[PDB]
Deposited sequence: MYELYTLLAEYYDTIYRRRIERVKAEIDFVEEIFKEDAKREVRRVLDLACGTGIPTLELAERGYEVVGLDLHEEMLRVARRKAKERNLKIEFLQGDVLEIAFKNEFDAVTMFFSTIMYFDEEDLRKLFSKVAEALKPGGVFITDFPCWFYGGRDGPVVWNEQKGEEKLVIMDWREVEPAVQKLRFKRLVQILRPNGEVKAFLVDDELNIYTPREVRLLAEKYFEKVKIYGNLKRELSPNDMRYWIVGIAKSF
């Protein structure tokens, strides 16, 4: 597990070129949540499992004081490099999100790009509990998650990446095995291959809300970058608002 965040860390931004191309639209939505859902001015944000800091840097660019936390130093290495290149001041920390000990010191806490799926029910409750403890009164928690083999390609410099994704689902226990073979091709034909194989957890929007309402005064479920939920939306946002 975590092959994507260690050995493939330097290729993460390449693999997720699309996610980056639309980070601005996503943070526009996040700021609307800060403005309409939060019950306090949002200035300091804790971005959990920040990875290479794609949304982290976008938030920083807009004036937020951001602290990013990630389990893997290989990912943080990339985030710090980009922050330095863009003259953005962000505090990047290594650590497990389940072990944070911040106490009512962030106006908002975020977890971007389906990361709640890495946690089972017990760990998710632990996470939400720690997030609630990290928030200032009226602060908000924001996290997004989604509803044979597929092949695609990207390119980093002279290296071409051919990626093949497939999944194995176990509905009864709400588990999903996400597999991704990444082949890195050099100009002369030499190849290197790495296999991502992570166990993920499947949750419905209602499930997350039920688990979250236990830690936040109010929880909202939104879809498709709008502060509303439509029947056919395919990506969801859970917004937890701390009592003020």
Unmodelled ranges, which are counted on the deposited sequence from position 1 and given in order:
148-154, 252
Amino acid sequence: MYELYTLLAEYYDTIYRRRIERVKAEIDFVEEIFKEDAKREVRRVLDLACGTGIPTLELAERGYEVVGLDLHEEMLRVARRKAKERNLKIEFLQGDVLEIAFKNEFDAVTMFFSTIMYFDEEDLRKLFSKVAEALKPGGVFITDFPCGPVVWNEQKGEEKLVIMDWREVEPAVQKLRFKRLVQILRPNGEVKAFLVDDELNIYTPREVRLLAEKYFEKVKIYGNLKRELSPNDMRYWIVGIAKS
From here on, numbers count along this sequence of modelled residues.
Greater mean Cα temperature factor according to the PDB record, 169-177 or 80-88:
169-177
Mean B factor on CA atoms, stretches 208-216 and 178-186, record says higher is 208-216
Deposited CA B-factor, highest of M111, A108, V150, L127:
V150
In terms of its chain's C-alpha B-factors, the third that includes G157 is the highest
Quick check on the deposited entry: does the C-alpha B-factor of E26 sit in the lowest, middle or highest third of its chain?
middle
Record-listed C-alpha B factor of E121: chain third:
highest
Chain-relative C-alpha B factor for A242 (record values, thirds): the highest
Name the third of the chain's ranked CA B-factors that contains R62, choosing lowest, middle or highest.
middle
